[PDB]
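Okay, so here's the structure we're looking at.
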Amino acid sequence: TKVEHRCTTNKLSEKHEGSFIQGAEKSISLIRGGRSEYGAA
Amino acid sequence: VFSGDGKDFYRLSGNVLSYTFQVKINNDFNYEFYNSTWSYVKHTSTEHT
């Protein structure tokens with residue numbers, strides 16, 4: 001008598017995370033008249 | 001001349017065509033940023049009996 005029994009398996013996992021934040025700010029200002037300390041402020 | 005940007009009288013030369021203390025202030029701001037992040041994970045398994 002002869003007997004054989006066998007099994008095999010393959011498995012995977014993956015995970016990801018990602019983030020991207022982007023920003024722009026601009027300001028433009030003009031003042032005329034006044035005194036330079038407060039006009040500066 | 002009386003100024004007013006500093007609150008003081010001053011004396012001009014007789015030559016100068018005009019001297020004036022009106023203020024002008026001009027400001028320009030530009031700010032630009034980006035932040036990026038990536039994360040990755042992998043797992044693999046293989047088996048026999």
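Here, A, B, ... name the chains of the structure tokens in the order displayed, residue numbers run from 1 inside each chain, and ligands are numbered from 1 in the same displayed order.
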
- Message: Among chain B, which residues does DSSP mark as strand (DSSP E or B) when it is run on the backbone? Keep the chain and numbering as in the structure and answer as a list in words.
- Response: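 Checking each residue of chain B, the strand (DSSP E or B) ones are residues 24, 25, 26, 27, 28, 29, 30, 31, 32, 33, 34, 35, 36, 37, 38, 39, 40, 41, 42, 43, 44, 45, 46, 47 and 48 of chain B.
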
Could you write out the selected residues, including N, CA, C and O atoms, as an mmCIF file, in the first residue's frame?
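The result, written out as selection_38.cif:
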data_model
loop_
_atom_site.group_PDB
_atom_site.id
_atom_site.type_symbol
_atom_site.label_atom_id
_atom_site.label_comp_id
_atom_site.auth_asym_id
_atom_site.auth_seq_id
_atom_site.Cartn_x
_atom_site.Cartn_y
_atom_site.Cartn_z
ATOM 1 N N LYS B 24 3.144 107.307 1.702
ATOM 2 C CA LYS B 24 2.579 106.194 0.961
ATOM 3 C C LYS B 24 3.244 104.932 1.442
ATOM 4 O O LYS B 24 4.455 104.897 1.587
ATOM 5 N N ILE B 25 2.480 103.894 1.698
ATOM 6 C CA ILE B 25 2.995 102.626 2.192
ATOM 7 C C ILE B 25 2.423 101.557 1.291
ATOM 8 O O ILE B 25 1.213 101.513 1.133
ATOM 9 N N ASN B 26 3.255 100.700 0.715
ATOM 10 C CA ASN B 26 2.823 99.650 -0.195
ATOM 11 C C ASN B 26 3.416 98.334 0.262
ATOM 12 O O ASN B 26 4.632 98.218 0.352
ATOM 13 N N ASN B 27 2.566 97.340 0.471
ATOM 14 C CA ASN B 27 2.907 96.048 1.026
ATOM 15 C C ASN B 27 2.437 94.979 0.064
ATOM 16 O O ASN B 27 1.343 95.070 -0.485
ATOM 17 N N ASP B 28 3.241 93.948 -0.065
ATOM 18 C CA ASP B 28 2.988 92.799 -0.945
ATOM 19 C C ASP B 28 3.496 91.579 -0.219
ATOM 20 O O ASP B 28 4.645 91.530 0.013
ATOM 21 N N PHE B 29 2.666 90.571 -0.062
ATOM 22 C CA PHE B 29 2.879 89.359 0.705
ATOM 23 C C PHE B 29 2.545 88.204 -0.216
ATOM 24 O O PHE B 29 1.507 88.221 -0.864
ATOM 25 N N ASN B 30 3.384 87.179 -0.249
ATOM 26 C CA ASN B 30 3.102 85.959 -0.969
ATOM 27 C C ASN B 30 3.661 84.818 -0.157
ATOM 28 O O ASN B 30 4.843 84.802 0.155
ATOM 29 N N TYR B 31 2.815 83.869 0.186
ATOM 30 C CA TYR B 31 3.114 82.731 1.026
ATOM 31 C C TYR B 31 2.633 81.495 0.289
ATOM 32 O O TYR B 31 1.514 81.479 -0.200
ATOM 33 N N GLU B 32 3.438 80.460 0.147
ATOM 34 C CA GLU B 32 3.028 79.279 -0.592
ATOM 35 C C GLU B 32 3.689 78.056 -0.018
ATOM 36 O O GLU B 32 4.910 77.981 0.049
ATOM 37 N N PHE B 33 2.875 77.076 0.346
ATOM 38 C CA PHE B 33 3.304 75.893 1.051
ATOM 39 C C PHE B 33 2.655 74.657 0.497
ATOM 40 O O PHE B 33 1.499 74.668 0.091
ATOM 41 N N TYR B 34 3.380 73.561 0.552
ATOM 42 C CA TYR B 34 2.813 72.262 0.349
ATOM 43 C C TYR B 34 3.457 71.266 1.282
ATOM 44 O O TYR B 34 4.639 71.373 1.588
ATOM 45 N N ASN B 35 2.683 70.304 1.758
ATOM 46 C CA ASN B 35 3.143 69.211 2.591
ATOM 47 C C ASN B 35 2.570 67.920 2.028
ATOM 48 O O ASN B 35 1.382 67.834 1.742
ATOM 49 N N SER B 36 3.410 66.921 1.862
ATOM 50 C CA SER B 36 3.127 65.659 1.212
ATOM 51 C C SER B 36 3.559 64.532 2.115
ATOM 52 O O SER B 36 4.584 64.621 2.784
ATOM 53 N N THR B 37 2.767 63.480 2.198
ATOM 54 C CA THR B 37 3.067 62.300 2.999
ATOM 55 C C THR B 37 2.522 61.068 2.313
ATOM 56 O O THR B 37 1.354 61.035 1.948
ATOM 57 N N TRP B 38 3.327 60.028 2.201
ATOM 58 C CA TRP B 38 2.932 58.733 1.676
ATOM 59 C C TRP B 38 3.349 57.646 2.640
ATOM 60 O O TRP B 38 4.415 57.743 3.244
ATOM 61 N N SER B 39 2.515 56.628 2.801
ATOM 62 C CA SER B 39 2.810 55.439 3.582
ATOM 63 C C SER B 39 2.334 54.217 2.829
ATOM 64 O O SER B 39 1.235 54.199 2.275
ATOM 65 N N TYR B 40 3.155 53.185 2.810
ATOM 66 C CA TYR B 40 2.886 51.941 2.119
ATOM 67 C C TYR B 40 3.318 50.769 2.975
ATOM 68 O O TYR B 40 4.338 50.843 3.654
ATOM 69 N N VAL B 41 2.544 49.695 2.920
ATOM 70 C CA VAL B 41 2.783 48.423 3.588
ATOM 71 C C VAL B 41 2.434 47.287 2.627
ATOM 72 O O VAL B 41 1.392 47.323 1.974
ATOM 73 N N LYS B 42 3.247 46.235 2.590
ATOM 74 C CA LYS B 42 2.974 44.976 1.887
ATOM 75 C C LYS B 42 3.358 43.801 2.755
ATOM 76 O O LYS B 42 4.368 43.854 3.451
ATOM 77 N N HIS B 43 2.595 42.723 2.670
ATOM 78 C CA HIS B 43 2.877 41.439 3.298
ATOM 79 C C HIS B 43 2.613 40.313 2.306
ATOM 80 O O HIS B 43 1.680 40.385 1.513
ATOM 81 N N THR B 44 3.436 39.278 2.325
ATOM 82 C CA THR B 44 3.305 38.081 1.496
ATOM 83 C C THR B 44 3.580 36.855 2.345
ATOM 84 O O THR B 44 4.514 36.870 3.141
ATOM 85 N N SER B 45 2.804 35.788 2.175
ATOM 86 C CA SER B 45 3.004 34.513 2.859
ATOM 87 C C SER B 45 2.755 33.333 1.924
ATOM 88 O O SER B 45 1.796 33.331 1.157
ATOM 89 N N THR B 46 3.600 32.314 1.990
ATOM 90 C CA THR B 46 3.498 31.105 1.174
ATOM 91 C C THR B 46 3.762 29.897 2.056
ATOM 92 O O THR B 46 4.686 29.924 2.869
ATOM 93 N N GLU B 47 2.976 28.837 1.918
ATOM 94 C CA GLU B 47 3.014 27.698 2.834
ATOM 95 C C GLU B 47 2.779 26.364 2.127
ATOM 96 O O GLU B 47 2.115 26.280 1.088
ATOM 97 N N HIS B 48 3.277 25.295 2.740
ATOM 98 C CA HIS B 48 3.168 23.924 2.251
ATOM 99 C C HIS B 48 3.069 22.953 3.421
ATOM 100 O O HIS B 48 3.675 23.178 4.469
#

- Query: If you measure from atom CA of residue 49 of chain B to atom CA of residue 8 of chain A, what distance in Å do you get, rounded to one decimal?
  - Reply: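 Computed distance, atom CA of residue 49 of chain B to atom CA of residue 8 of chain A, equals 6.4 Å.
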
- Give me, please, the distance in Å between atom CA of residue 2 of chain B and atom CA of residue 33 of chain A, quoted to one decimal. 15.2 Å
